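A short worksheet on the structure shown next.
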Amino acid sequence: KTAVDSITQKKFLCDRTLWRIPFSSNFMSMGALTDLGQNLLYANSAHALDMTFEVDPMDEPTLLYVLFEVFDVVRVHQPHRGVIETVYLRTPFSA
Amino acid sequence: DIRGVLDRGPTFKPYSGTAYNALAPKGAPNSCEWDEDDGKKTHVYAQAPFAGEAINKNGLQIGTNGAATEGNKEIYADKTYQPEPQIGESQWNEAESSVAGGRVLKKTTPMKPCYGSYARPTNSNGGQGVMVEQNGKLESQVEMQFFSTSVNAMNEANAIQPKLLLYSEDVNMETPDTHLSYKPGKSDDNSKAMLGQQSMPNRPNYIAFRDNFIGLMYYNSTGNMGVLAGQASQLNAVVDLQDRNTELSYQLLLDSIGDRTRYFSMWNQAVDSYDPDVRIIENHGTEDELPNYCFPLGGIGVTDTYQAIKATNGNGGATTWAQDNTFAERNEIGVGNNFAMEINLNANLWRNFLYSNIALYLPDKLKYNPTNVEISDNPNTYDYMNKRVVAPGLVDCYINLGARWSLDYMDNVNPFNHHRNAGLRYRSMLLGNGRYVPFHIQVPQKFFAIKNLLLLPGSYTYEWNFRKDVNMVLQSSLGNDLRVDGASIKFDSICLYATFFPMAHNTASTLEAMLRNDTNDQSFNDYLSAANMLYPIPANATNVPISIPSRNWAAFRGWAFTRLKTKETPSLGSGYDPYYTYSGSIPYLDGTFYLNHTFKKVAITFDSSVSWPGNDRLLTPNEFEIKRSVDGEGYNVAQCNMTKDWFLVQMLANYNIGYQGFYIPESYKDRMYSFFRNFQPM
Amino acid sequence: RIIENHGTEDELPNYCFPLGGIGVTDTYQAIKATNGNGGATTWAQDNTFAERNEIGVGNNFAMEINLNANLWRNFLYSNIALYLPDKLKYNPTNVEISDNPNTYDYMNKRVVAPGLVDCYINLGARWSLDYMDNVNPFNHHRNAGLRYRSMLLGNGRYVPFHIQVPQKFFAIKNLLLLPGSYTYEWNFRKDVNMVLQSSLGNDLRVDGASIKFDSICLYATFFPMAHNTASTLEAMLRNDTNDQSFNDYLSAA
Amino acid sequence: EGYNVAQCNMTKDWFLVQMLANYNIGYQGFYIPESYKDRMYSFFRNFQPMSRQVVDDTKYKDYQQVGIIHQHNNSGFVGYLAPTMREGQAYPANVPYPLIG
Amino acid sequence: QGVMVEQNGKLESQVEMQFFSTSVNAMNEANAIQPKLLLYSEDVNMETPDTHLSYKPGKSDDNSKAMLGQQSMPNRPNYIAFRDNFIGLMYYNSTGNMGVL
Amino acid sequence: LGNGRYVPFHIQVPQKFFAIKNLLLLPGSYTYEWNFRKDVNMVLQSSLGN
Amino acid sequence: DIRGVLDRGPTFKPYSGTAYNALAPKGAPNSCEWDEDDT
Ligand SMILES: [Ca+2]
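In the order they appear, the protein sequences are chains B, R, U, S, Z, X and H.
Here the first sequence is numbered in UniProt numbering, starting from 860 and rising by one per residue.
The second sequence lines up with residues 102 to 139, 165 to 808 when you count with UniProt numbering.
Here the third sequence is numbered in UniProt numbering, starting from 405 and rising by one per residue.
Here the fourth sequence is numbered in UniProt numbering, starting from 759 and rising by one per residue.
Here the fifth sequence is numbered in UniProt numbering, starting from 254 and rising by one per residue.
Here the sixth sequence is numbered in UniProt numbering, starting from 557 and rising by one per residue.
Here the seventh sequence is numbered in UniProt numbering, starting from 102 and rising by one per residue.
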């Protein structure tokens, strides 16, 4: 009978995972490659990238971890006896 | 294959609580004695549990032999091991005897509470007197003391007889695993008050090898990139860079290709996990509606003597009464309910659990230093963490009652660095609970580029490296540095094993020939397949820019991100770091993360003037919203703070679900490190 | 729902103890043995030790209790006993009680003896009581899902809430719908008996709980299909040979 | 000191044999077999390795053997070789040897 | 629970009333001889179903003051049932009584 | 079987032999004869092993 | 299909602990009275 006036608060926990945004036209996964990536505006072009984050403050130096999923494939060829050669390659962002 | 020697140092605490006089009350001192002024006399506090037969100047008589000489010569106490603290009466009433006895520590031995007091044995019968060398031999220093009543001296009973006897000895007192809660005196000399100091066990701490032996072998880093190559090639066949977390890689992949809940011994495969109850407090409250009562050992305390009475007929008047002769004149009865005590049970259990599992792990900015105790100044060592003060009133049965919630202080603290971590307990116990372990392991290859190659006959050089640091290759529950405490390790024997197959000769020849042709080369990709960038953030800031100049964007697949707490995040590239002190569970390699719930928004742009995906795809014009705090007009979902749009995007990109109405995705398509599995709204 | 009685494992008694770890003691005085002059050994009061000391004789005084039986009895009383039908109770003593047999108080103020169910009922037999069969087992605080739902809103009393409701009618829960312009109007309920639910089954209209809507809105999505393909599908999906069939699950009278 | 495997007293080769005969697994590097292939009575479900440490009796010169009927811990609060009424007096313990600190 | 015994061809009881006052006032003046405690005594078929005596003071059997110290302890549980799949009900693999279809 | 000293019991026992467990039988008349144990040890099981 | 009557005997006990004045302390006696030889 004698409770008080109150307010409400909400939040959530999503540990043990990463936030992933795919590079797809309609966000759906339809193969290892992707339509926008395959278009690249046809790769006679190039582009510069800007990204902006805004997060709540803490009280300690922190790190922002960002990774771009790209292609990283290696081909192995061993022609003669006791000889092995390989070719790595990866894109974009590689060398 | 590796064998060698490992020493964990002093700060290894496998078992919670303690195991030295566990049942004793946490404040009662044991038998002892100390000194006072006028005039320096000695006060003694003890108790004699064991009865005997008789006393004389040579000691206590505890038996006799018929076949002896002096009538039946009296057998006395061989002070070495006589009346032992583990003997006593044999029933609750147990009519009192005439002469008793016991043991007592002398004043020279420092006082300590009973709860957690250990002294090693000295002779084969459990004696504990400090053996001392006299005259070229070993001998003991037991001293017998005698006592009689007080009023004994007050009257003509001058025939004062020795009624009580004690044996005084010295021991090597040790308290391996507890500290002192309260200590009134700054000095250490045993006062009278020093009979009140109470103890408290040290917080438990597990230490072992990390999951899947992560960190043993070098990897992503020119530190010394290992080499597999042809025996006379003189040209390498393996190239690695410095932005390919090979490890996070092997990691997630295991996940996928199978199941993780089952542990496998050989590779120490035991995923770090946290109990659901530790993270979120399901404060249903206690359960009690009945009283609980302890009782006297006889179930009747008081007693009033009484007397049998027989009714003699009062004829023509009031009945008369006389004393019976059949009964004994004195009998004992009681009136009313037997005296007892009340206590709540469930509330105590719940309170113990809450205090032990959550309180001690609170952020350290809410703990104040203790009183009258020494302590270190380095805020990282085991000592400084085991001797702070935590207000139990901060969390008790009356916090967030009947709600599904987590204490907002805790949610920015690594929940995996804990002591209920089942995987941690498994790994720690596998090596055993000692302090000096000769160990023996087998390590798997993890580089994707050759972890599934099919080599062909020949000769090759296979050369690799391993780390010696103790900060990284080990794991500690409390995360305290180990360079300071100094756990050591030394490898001795390292050997390699390989497993061929018994294939028929000509078949192997045919396959090898068919496989040497160039149009049958092998291909591989890493399951992760990504880069690795990291960006600093000064404390108490809000927003971060990132800009990469003009370049190509062939076949780019997309982004993923999260957050990390500097301190605990080895820098990488280099083969060693003097600055790494912490030693919790490294999020950057194990796959544990806890910071995700702390984002507001993120925006993406090409050449600073074109949005993406843009063209009015989403509800907001040009910015991804993750959670707007309260003011949000129509943009929450599932009673959380998350926007509908972000929820939709995550659902789609994780399972291709959403355009046909949401619903729980099926099991196999949602593994341990999925999204939906770990989505707790509160 | 069913009781697996076993007794318990309580073969070692448990004793509590005094805070000093020793019961009571009787001041005593030290002595020493003045050497027996041939005959009786002489005894002289010492001076080294003070005139008073504390010493105990025999075991320390210690009250005692059992543990497991008490826990089990508490569980049995608080999970089963309270839920018997009313006809096995009586009004309490000297306190005004509720007169309506539906509201909260009449479900609370009543008193049920332990004697009906204790640690000695159906000793060791997987079995369920007789009076309990015809009483629902879902209306019970031990429920998990109900507890989760109750926590989801929160612990308060005056709560602002904001949710979404999925359409459930079979005939349109999966239909498609080519382009057009149609009307969707529906009606929502407002009684507290229906929408809400109580773990005890008391009435809620009498106890004054209520609810009121403020604003209400409708959402929806699409699939950014390329225009021409959508045109082709729209044209194809109109040849009456390609009607759509639907059938609810249960289907019956 | 050549052939122990999986942190136990069992040699590697026997492990290889059992894994083969159960699941035809081993020429492709050991790994957890799939759930449906392994049932209740199978081998890998019932494989429990354990180890412990005990006090050496040659290095620790102070060590002395102690019979059961002289050991005493939690004295003055429990029985004596029988679950009877509590007995004894308080005192420091004499067992077991500590392995930490 | 009082024992019933037959006399006069009928089954009756053997409850007796005994009276007690304070020997506590054993000594003093007359008149003040008033009872304060009434006890009803009986005899009952004492019977223990599932307990055994852990402690016993003396090898005798009569009722002394010492006998109050005796301590009891429950009997270990002992389950009994049919085996799994009724193993053993039907003979097999024995030439003595091979079944016939 | 409950927790009684005396119990009336009433059960069904399957057929375990492999030579007839999955056989498909054909029309006709046949003789079917078998045996059962009465020993109290083998049929029963006791937790303690007494 | 089989029907019969089975007797486990006396030594069948399916419950840990006991069910008779269980809460009472394990040494407390009962209200009694006994004879003693006069002195
Ligand atoms: Ca009295």
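By construction, the Cβ of each residue, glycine as well, lies at the ideal position given by its N, Cα and C atoms.
Of the choices the options, whose alpha-carbon is the least far from that of residue i?
{"i": "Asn418 of chain U", "options": "S:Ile826, S:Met843, S:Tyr761, S:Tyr794", "result": "S:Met843"}
{"i": "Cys133 of chain R", "options": "R:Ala174, R:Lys127, R:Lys166", "result": "R:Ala174"}
{"i": "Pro920 of chain B", "options": "R:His545, R:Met299, R:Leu690, R:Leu231", "result": "R:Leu690"}
{"i": "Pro115 of chain H", "options": "Z:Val277, Z:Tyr293, Z:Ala334", "result": "Z:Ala334"}
{"i": "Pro130 of chain R", "options": "R:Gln377, R:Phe750, R:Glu415, R:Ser243", "result": "R:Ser243"}
{"i": "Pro310 of chain R", "options": "R:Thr301, R:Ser325, R:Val297", "result": "R:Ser325"}
{"i": "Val106 of chain R", "options": "R:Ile459, R:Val563, R:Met555", "result": "R:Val563"}
{"i": "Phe479 of chain R", "options": "R:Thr452, R:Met536, R:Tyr508, R:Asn409", "result": "R:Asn409"}
{"i": "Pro422 of chain U", "options": "R:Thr119, R:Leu124, R:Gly118, R:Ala358", "result": "R:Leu124"}
{"i": "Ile286 of chain R", "options": "R:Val277, R:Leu604, R:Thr348, R:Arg683", "result": "R:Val277"}
{"i": "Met280 of chain Z", "options": "R:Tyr432, R:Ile712, R:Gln217, R:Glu792", "result": "R:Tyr432"}
{"i": "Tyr708 of chain R", "options": "R:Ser266, R:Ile620, R:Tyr508", "result": "R:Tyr508"}
{"i": "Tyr207 of chain R", "options": "R:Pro247, R:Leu580, R:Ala657", "result": "R:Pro247"}
{"i": "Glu749 of chain R", "options": "R:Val756, R:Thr769, R:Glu759, R:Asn762", "result": "R:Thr769"}
{"i": "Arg109 of chain R", "options": "R:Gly425, R:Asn559, R:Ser313", "result": "R:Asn559"}
{"i": "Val268 of chain R", "options": "R:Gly322, R:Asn219, R:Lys205, R:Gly253", "result": "R:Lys205"}
{"i": "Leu857 of chain S", "options": "R:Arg561, R:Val258, R:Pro209", "result": "R:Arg561"}
{"i": "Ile866 of chain B", "options": "R:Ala434, R:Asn350, R:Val756", "result": "R:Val756"}
Can you look up residue i in the DSSP assignment and give me helix, strand or coil?
{"i": "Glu500 of chain R", "result": "coil"}
{"i": "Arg844 of chain S", "result": "coil"}
{"i": "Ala363 of chain R", "result": "coil"}
{"i": "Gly549 of chain R", "result": "helix"}
{"i": "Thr911 of chain B", "result": "strand"}
{"i": "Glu373 of chain R", "result": "helix"}
{"i": "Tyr901 of chain B", "result": "helix"}
{"i": "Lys491 of chain U", "result": "helix"}
{"i": "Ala575 of chain U", "result": "helix"}
{"i": "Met659 of chain R", "result": "strand"}
{"i": "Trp393 of chain R", "result": "coil"}
{"i": "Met320 of chain Z", "result": "helix"}
{"i": "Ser117 of chain H", "result": "strand"}
{"i": "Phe732 of chain R", "result": "strand"}
For residue i, write down the residues that DSSP places opposite it in a beta bridge.
{"i": "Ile469 of chain R", "result": "R:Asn418"}
{"i": "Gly185 of chain R", "result": "R:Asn182"}
{"i": "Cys766 of chain R", "result": "Its beta-bridge partners do not exist; DSSP assigns none."}
{"i": "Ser602 of chain R", "result": "R:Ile333"}
{"i": "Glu944 of chain B", "result": "B:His936"}
{"i": "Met629 of chain R", "result": "The partner list for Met629 of chain R (beta bridge, DSSP) is empty, contrary to what the question assumes."}
{"i": "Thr446 of chain U", "result": "U:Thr438"}
{"i": "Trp531 of chain U", "result": "U:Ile407"}
Closer than 7 Å: is that where the CB of residue i sits relative to any heavy atom of ligand 1?
{"i": "residue 440 of chain Z", "result": "Any question about residue 440 of chain Z goes unanswered here, given that chain Z covers just 254 to 354."}
{"i": "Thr431 of chain R", "result": "yes"}
Indicate whether the contact test is met: 3 or more Cβ pairs, each with one atom in the segment 295 to 306 of chain R and one in the segment 518 to 530 of chain R, closer than 8 Å.
No: fewer than three Cβ pairs fall under 8 Å.
Can you confirm whether the segment 872 to 887 of chain B touches the segment 713 to 726 of chain R when touching is taken to mean that 3 or more C-beta pairs between the two stretches lie within less than 8 Å?
The segment 713 to 726 of chain R is in contact with the segment 872 to 887 of chain B.
If you pair each beta-carbon of the segment 596 to 612 of chain R with each one of the segment 335 to 355 of chain R, do three or more pairs fall below 8 Å?
In this structure the segment 596 to 612 of chain R touches the segment 335 to 355 of chain R; the number of beta carbon pairs closer than 8 Å is three or more.
Check whether the segment 443 to 457 of chain R and the segment 481 to 493 of chain R touch, using three or more Cβ-Cβ pairs below 8 Å as the test.
Pairwise C-beta distances place the segment 443 to 457 of chain R out of contact with the segment 481 to 493 of chain R, as fewer than three of them are shorter than 8 Å.
Just checking, does the segment 504 to 514 of chain R make contact with the segment 603 to 614 of chain R on the three C-beta pairs under 8 Å criterion?
Output reads yes: the segment 603 to 614 of chain R touches the segment 504 to 514 of chain R.
Determine contact between the segment 662 to 676 of chain R and the segment 578 to 592 of chain R, defined as no fewer than three beta-carbon pairs at a distance below 8 Å.
No, the segment 662 to 676 of chain R does not touch the segment 578 to 592 of chain R.
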